[PDB]
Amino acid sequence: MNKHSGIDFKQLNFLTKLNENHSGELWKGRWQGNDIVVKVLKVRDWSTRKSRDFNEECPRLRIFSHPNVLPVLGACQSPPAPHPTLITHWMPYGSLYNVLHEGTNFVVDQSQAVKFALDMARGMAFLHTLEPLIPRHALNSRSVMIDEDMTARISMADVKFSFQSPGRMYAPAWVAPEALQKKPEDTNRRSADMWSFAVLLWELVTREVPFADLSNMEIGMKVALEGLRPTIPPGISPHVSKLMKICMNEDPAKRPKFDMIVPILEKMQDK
C-alpha cells in the first residue's frame, strides 16, 4: 500500500473563494480545526504519470522545522480527489506583496522591513541546506507570506512540480538574468535565489513594485537582452546600498550565500 494517502478531500470545508487564474483556484477553508487556504490546481492533460509525480513531490514540501518556512500541510491526491490540491495554513496578512503594496490600513516601518529581510534570509539559508534543493517557481514578494505575528515565511506552496510549464514566467522582475536565459540545470540555483533577495531588498527600500510600468514580457526581454536593472535608490545608507549591490552582483559566483547575509542583517536589527 502507499506510504501516504494525503489529505482526504472530503474533509475539506470550503468557505469562500479567494481568486482564480491560469493555475487554478484559491479558497479559504477549514480542515481538522485549522484555518487553511486551498489551492485547487488546474493542469492541462492531467495523466497518471503527472499524478504519480505530484504525489512524489508533495511530501518534500511538508517542512515543519523552521519558523521562516511555511509548509504545505498536505495535499489531496487526484484520483481520488477531483483535482490535485495543496493546503497551507491561512496567513492573516497574506503575502509580503500584499503587505507592502496593498496595505490600506498601515505602512510597515523600516524596522519591520529589516526584520522581514532577516526572516526571509534565515528561511532561504535553511532551504539551501536541503539536498537536493526543492524546486520552486521563484522567490519573490508573492511567494513570501506574513503570519499573525508579522513573521515572514517562505511558502513551500510555490513548489515547481516536474509537470508544470517552465515556458511561462509570471514574476520575471525578481528572476536573475542568467535564469531568464539558461535552463535551471545550467545555473547555480542558490545564487539565482540571491538575486531574487536583492530585488526584495530593493522592494523593501522603495516600497515600489519593481518595473511596475512594464509587462512581464517586456521585463524579461529587457533584463535578459538589454541590461535593464533596478535603479539604486537615493538617500539610503551606504551600508544598505552596499548590501543591495553585492546581492545583485552580475556574476552569480560573487553573490553572497544566504548564511553570509544573515549575520549582516542581524546587526541591522534594532535588537
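Numbers for residues come from their place in the sequence shown, where the first is 1. Under this definition, the rigid core comprises the largest set of C-alpha atoms superposing within 1.5 Å between the forms.
- Superposition on the core shows that, in 6 other deposited structures of this protein, the C-alpha atoms drift more in one of 188-196 and 130-138; this is 130-138.
- Root-mean-square C-alpha deviation from the shown form, taken over all structures in 6 other deposited structures of this protein superposed by the rigid core, is larger for 158-166 than for the alternative among 158-166 and 142-150.
- Of the two stretches examined, 179-187 and 110-118, the record assigns the greater average C-alpha temperature factor to 179-187.
- Checked against the record, the higher mean CA B factor of 209-217 and 35-43 lies with 209-217.
- Of the residues listed, 103, 94, 74, 123, the entry assigns the biggest Cα temperature factor to 103.
- Within the selection 98, 164, 155, 129, the deposited Cα B-factor values reach their highest point at 164.
- Sort the modelled residues of the chain by CA B factor and residue 200 lands in the lowest third.
- Among the modelled residues of its chain, residue 239 has a C-alpha B-factor that falls in the highest third, as given in the PDB entry.
- In the PDB entry, a CA B factor belonging to the highest third of its chain's modelled residues is recorded for residue 229.
- In this PDB entry, the Cα temperature factor of residue 139 sits in the middle third of its chain's modelled residues.
- In the deposited entry, the Cα temperature factor of residue 248 places it in the highest third of its chain's modelled residues.
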